[PDB]
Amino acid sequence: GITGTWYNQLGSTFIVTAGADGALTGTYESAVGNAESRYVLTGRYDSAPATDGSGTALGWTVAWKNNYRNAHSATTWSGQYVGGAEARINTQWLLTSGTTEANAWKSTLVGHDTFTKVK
């Protein structure tokens, strides 16, 4: 259910491959923030989920550095894939910026993203 292209509510495009033993690999393209073009993503998912109607736990990380720019920051998404006719990946995310020690307390933004298979 997981492998393929996913779209967030704000325009961002997540292209992922789910490996048979739990690897997530792919690319992320953000429509907002200090970002441009595509960024490598890597993560993990539960490759043997329950069959009781539960979602499939997963997570991945993007470091906001590519050949175009470097935002000195990284976002992790943690959530679950929910299959069926209206399939979705429901996430919460943490975006941590590299900071000085004086600004560490404000290094990390939190949010949520629901991804769907259609725009």
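Numbers follow the displayed sequence, beginning with 1.
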Handout entry: Higher-B stretch (mean Cα B-factor, as the entry records it), 57-65 or 43-51
Key = 43-51
Completion exercise
When mean C-alpha B-factors in the record are compared for 71-79 and 33-41, the larger belongs to 33-41
Completion exercise
One of 20, 95, 24, 104 has the largest Cα B-factor in the entry, namely 20
Handout entry: Chain-wide C-alpha B factor ranking for residue 12, given as lowest, middle or highest third
Key = highest
